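Quick notes on the structure that follows.
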Amino acid sequence: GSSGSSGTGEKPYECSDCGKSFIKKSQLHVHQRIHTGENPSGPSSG
Ligand SMILES: [Zn+2]
């Protein structure tokens, strides 16, 4: 019912597109991908 992500000390490589963070660069690189190609959704994009 009342529960969710339970992790202390957020992880590095924090995605500057949605929020998803990662420990290794590669992990983020593979992700950021989805955040590239189409129009920049949300005003939080330059
Ligand atoms: Zn992301």
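Under PDB author numbering, the sequence shown has 10 at position 10, and the numbering climbs by one with no breaks. Just so it is clear, CB atoms sit at the ideal spot from N, CA and C, and this is done for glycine as well.
Assigned secondary structure, residue i (DSSP; H/G/I helix, E/B strand, else coil)
i: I34; result: helix
i: residue 118; result: Here the chain has residues from 1 to 46 only, and residue 118 is not among them.
Spatial distance of residue i from residue j (CA atoms)
i: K20; j: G1; result: 23 angstroms
i: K25; j: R33; result: 12 angstroms
i: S3; j: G37; result: 34 angstroms
i: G42; j: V30; result: 21 angstroms
Distance cut-off 6 angstroms: residue i Cβ against heavy atoms of ligand 1
i: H29; result: no
i: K11; result: no
i: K24; result: no
Nearest-angstrom beta carbon gap, residue j and residue i [assumed within contact, 8 angstroms]
i: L28; j: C18; result: Incorrect: roughly 11 angstroms between the Cβ atoms, too far for contact.
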